[PDB]
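Trainee: 3D, please:
(2 chains, ligands or ions: 3)
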Amino acid sequence: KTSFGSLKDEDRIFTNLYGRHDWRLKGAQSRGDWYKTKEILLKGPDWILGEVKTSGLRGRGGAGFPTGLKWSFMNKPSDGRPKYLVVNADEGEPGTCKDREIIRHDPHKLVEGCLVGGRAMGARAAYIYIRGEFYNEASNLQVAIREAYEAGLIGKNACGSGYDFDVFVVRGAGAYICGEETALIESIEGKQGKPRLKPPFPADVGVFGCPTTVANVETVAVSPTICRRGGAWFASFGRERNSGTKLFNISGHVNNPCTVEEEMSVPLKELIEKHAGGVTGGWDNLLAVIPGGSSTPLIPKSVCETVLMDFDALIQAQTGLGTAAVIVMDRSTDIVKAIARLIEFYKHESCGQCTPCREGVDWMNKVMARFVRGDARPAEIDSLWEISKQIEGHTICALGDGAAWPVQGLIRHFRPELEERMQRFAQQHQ
Amino acid sequence: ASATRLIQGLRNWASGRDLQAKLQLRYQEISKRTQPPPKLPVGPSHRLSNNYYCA
Ligand SMILES: NC(=O)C1=CN([C@@H]2O[C@H](COP(=O)(O)OP(=O)(O)OC[C@H]3O[C@@H](n4cnc5c(N)ncnc54)[C@H](O)[C@@H]3O)[C@@H](O)[C@H]2O)C=CC1
Ligand SMILES: Cc1cc2nc3c(=O)[nH]c(=O)nc-3n(C[C@H](O)[C@H](O)[C@H](O)COP(=O)(O)O)c2cc1C
Ligand code: SF4
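Mentor: Numbering: from 1, shown residues only, chains lettered A, B, ... in the order given. Ligands and ions are numbered 1, 2, ... in the order given. The structure is reproduced below:
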């Protein structure tokens, strides 16, 4: 297959994505939710993990780790400790507003994903770590979990299979770093959201020291559709090692910002001009796109012309997919102001545990706040580059990467703009 | 240097050299005691990039 995207409505997994149907159980069973879940539960963990591994599902949290390989680490016998699934519903990332839509509009598919993933790894309970800001979505999901308990779907003898499974909802308290999986685990246990190191991975020591899998809402909710429709159906979309569909979020400077499910390797020009109405001012007006939300380095219009919106092609575009949160920035934007506001976001949302993030993100924000006005000289650009190279790979979790990589993308693609900004500073202020 | 030219001629005759070319007493030709303020340069390691210590 040569071109990707242009996905029909019969192959959309997230039907009722826009809330146009009833989100409750009577509408859910009219859309294929909770249908033949008993035949998924009776066929054991090995068949479910085989159907997920055949489907080629990479991690929809943003790093693309193989989700069948991630859930297969939990295929181990217990030694007194129970096992747990945690469904990361935090979603504190700018540009990223897809898992909130899954909570608000497709809740029963998320609870079915909790049940299928809990059978898949022998997980005893499901702690959906929802964001604290999503209170109306939290009560939305709680009414849906009440409808899932009263119909015998979750709880004692879940869906008639001889398997007992609970689904808990734990609200956060407004912290971006509680979306990172180890600080999420620390946030469940009643402490500050400070990340653990790796190893021990959460499959070894996770929540309360129990073996635990933290999986994103989008990679949890698609897994019953993976078990029902088959692995090869879900695998035929997107390129090789880029299987599945993805909930893109086109925000920023577009005419119609929107969350849209699309086939994986869709071109970005096709996506923005078809599903969002193009950049405000057309494709002529597009300056730079932050391809997947605030953690990945931006690429300009010259590279957005031909690039494919999956993991590996954007890695060839020296960026990351992340959450597939396309932030669009036209010609009339001071991009240094936007990147310095983004670094100010990464210093207001950083837990201050280890040295390079705690000191360097504040120091890069001070340098970028001087760069916005231009109160510096060009030799402080490359110094800043080294500061990113002294944060990337020296920290515990990947907020150091998420605060270094936009600075790297900005320097690498707009060094002449920074130089001309600071030299016109030095000529008009002295 | 304020010597009379009779004593100057006697002195240049007795030494056999041109002593007023090279006086060992210093006068107004030497430098001033109150100098302008300097501004010293910096070394080659005053750099903000590719300036790790192990190199
Ligand atoms: N989804 C969101 O809202 C956000 C996502 N991100 C993305 O997060 C990415 C980084 O995420 P991280 O989880 O910190 O890093 P990532 O490199 O490590 O790991 C992703 C997953 O791989 C699993 N994993 C990898 N090697 C493993 C092993 N040997 N044993 C067991 N499990 C293993 C981890 O359990 C983890 O869940 C960034 O690239 C960024 O784009 C960043 C901000 C927000
Ligand atoms: C600073 C930071 C914040 C993160 N926030 C979230 C988040 O809000 N929601 C999410 O699903 N993953 C978030 N992640 C990614 C998690 O580390 C992890 O990859 C994900 O929760 C589960 O991985 P999965 O793709 O296998 O489901 C964050 C990562 C980092 C480094
Ligand atoms: S680098 Fe920042 S986000 Fe990570 S453990 Fe340290 S303080 Fe936390």
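
Trainee: What parts of the stretch 251-400 of chain A come near chain B?
Mentor: Contact residues, the stretch 251-400 of chain A versus chain B (Cβ under 8 Å from any Cβ of the partner chain): A:379-380, A:382-383, A:385-386. Every residue, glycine included, has its C-beta placed from N, CA and C.

Trainee: Closest to ligand 1 out of those residues?
Mentor: Nearest to ligand 1 among these is residue A:385, at 19.5 Å by Cβ to the nearest ligand atom.

Trainee: Quick check: that closest one touching residue A:409?
Mentor: No. Look at residue A:385 against residue A:409 with Cβ atoms under 8 Å: they stay out of range, at 11.1 Å.

Trainee: So between these two, which is more surrounded?
Mentor: residue A:409 (22 against 17; other Cβ atoms under 10 Å in any protein chain shown).

Trainee: The more buried one belongs to a helix, doesn't it?
Mentor: Yes. Residue A:409: assigned to a helix according to DSSP: H, G, I helix; E, B strand; the rest coil.

Trainee: Which residue, other than its chain neighbours, is closest to it?
Mentor: residue A:297 (2.6 Å; Cβ to Cβ, 6 or more residues apart in numbering or on different chains).

Trainee: just residue A:377 next, same as before
Mentor: Closest to residue A:377 by Cβ to Cβ, 6+ apart is residue A:422, at 6.4 Å.

Trainee: Please work out how many residues are found near that neighbour.
Mentor: When neighbours are counted by other Cβ under 10 Å, residue A:422 registers 20.

Trainee: Just want the phi and psi numbers for it.
Mentor: For residue A:422, the backbone dihedrals (degrees, to the nearest 10) come out as phi -70, psi -30.

Trainee: now the end-to-end length of stretch A:77-91.
Mentor: End-to-end span of stretch A:77-91 (Cα to Cα, to the nearest Å): 32 Å.

Trainee: so how far is residue A:237 from residue A:248?
Mentor: To residue A:237, residue A:248 is 13 Å away according to Cβ to Cβ, to the nearest Å.

Trainee: next one: residue A:372
Mentor: Counting by Cβ to Cβ, the gap from residue A:372 to residue A:237 is 42 Å.

Trainee: and if you look at residue A:187?
Mentor: Taking Cβ to Cβ, one finds residue A:187 at 34 Å from residue A:237.

Trainee: now swap in residue B:28 and tell me
Mentor: 94 Å.

Trainee: quick one, which of those two is more surrounded?
Mentor: Neighbour totals were compared for residue B:28 and residue A:237, and residue A:237 leads with 23 against 6 (other Cβ under 10 Å).

Trainee: give the contact list for residue 23.
Mentor: Using chain A. A:16, A:104-108, A:140, A:144 (Cβ atoms under 8 Å, 6 or more residues apart in numbering or on different chains).

Trainee: um, chain B though
Mentor: By Cβ under 8 Å, 6+ apart, the contact list for residue B:23 reads residue B:1.

Trainee: Are we agreed that it is in a helix?
Mentor: No. Under the criterion used here (three-state DSSP), residue B:23 is coil, not part of a helix.

Trainee: any idea how far it lies from residue B:15?
Mentor: Residue B:23 is 12 Å from residue B:15, by Cβ to Cβ.

Trainee: Enumerate the residues of the stretch 101-250 of chain A near ligand 3.
Mentor: For the stretch 101-250 of chain A, the residues in contact with ligand 3 (Cβ under 6 Å from any ligand atom) are A:177, A:195.

Trainee: Check the stretch 101-250 of chain A for the residue nearest ligand 3 and tell me.
Mentor: residue A:195 (4.1 Å).

Trainee: circling back to that earlier point, so which of the residues of the stretch 251-400 of chain A next to chain B would you say is closest to residue A:336?
Mentor: Nearest to residue A:336, judged by Cβ to Cβ, of these is residue A:380 at 13.1 Å.
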